[PDB]
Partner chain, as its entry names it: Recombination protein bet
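This document opens with one chain alone, in structure tokens, the form solved without its partner chain.
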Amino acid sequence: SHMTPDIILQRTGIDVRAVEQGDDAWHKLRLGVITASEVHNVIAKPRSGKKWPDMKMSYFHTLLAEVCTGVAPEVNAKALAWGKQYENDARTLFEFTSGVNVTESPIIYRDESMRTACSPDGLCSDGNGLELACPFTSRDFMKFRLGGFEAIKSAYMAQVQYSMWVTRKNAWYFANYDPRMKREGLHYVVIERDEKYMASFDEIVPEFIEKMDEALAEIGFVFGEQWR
């Protein structure tokens, strides 16, 4: 909103625009930041009471750990490698099927505070963003192919809605790709901006940030240390 490339450079020493999604600089820029693919944890509610669910508390401590250590752990598994492997082919096939042009984007922060950001799978020539998924199980691709909007995983929905909150955009493509499918290997939908989600982020996210600052202060740390 008042975010500028210079602010990023002065705080992190990193030139945004030169960041090629997945490189050392990209990992560095996400440290301690409430990000799209993880925000489902922030909006998670107890079924009774007000006590934070374990998944919310776990993400809370994960972000704080990133601030105080200045690092994030690396995990590897077949499903993760699969998604990484076919992302490029998914995007190309999406462009060919939909007829829209996709531009790759590095991280996008909501504002100058750098507390909140998303890393879109692409930005489209029609003003929509793009999220791709390449399910490791053909089962889960089939679930999306047959069910569509109502079949979308709640984590992906929170991720897509958060991306619209961050970028101030109004619509986001959600595409699934399976290279193993003989036919019908690509399926996508358009997810509209949901103001119920926007209201939820406007309420829960700033409170999550204040809670983090309180926690950092208790232990003698301050947000930003991960970048110095």
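Residue numbers count along the first chain shown, from 1.
The same protein also has a form deposited with its partner chain bound, omitted here; what follows describes it.
Visitor: For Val189, is any heavy atom within 4.5 Å of its partner chain in the entry with it bound, or not?
Guide: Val189 lies outside the contact set for its partner chain.
Visitor: So in the entry with it bound, does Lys50 come within 4.5 Å of its partner chain, heavy atom to heavy atom?
Guide: So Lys50 does not count as contacting its partner chain.
Visitor: Quick one: does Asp89 come within 4.5 Å of its partner chain in the entry with it bound, counting heavy atoms only?
Guide: Answer yes; at least one heavy atom of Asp89 falls within 4.5 Å of its partner chain in the entry with it bound.
Visitor: Could you confirm whether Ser113 comes within 4.5 Å of its partner chain in the entry with it bound, counting heavy atoms only?
Guide: Outside the cut-off, so no.
Visitor: Quick check for you: of 119 to 127, 153 to 161, 104 to 112, 90 to 98, which stretch puts a non-hydrogen atom within 4.5 Å of its partner chain in the entry with it bound?
Guide: Only one stretch qualifies here: 90 to 98.
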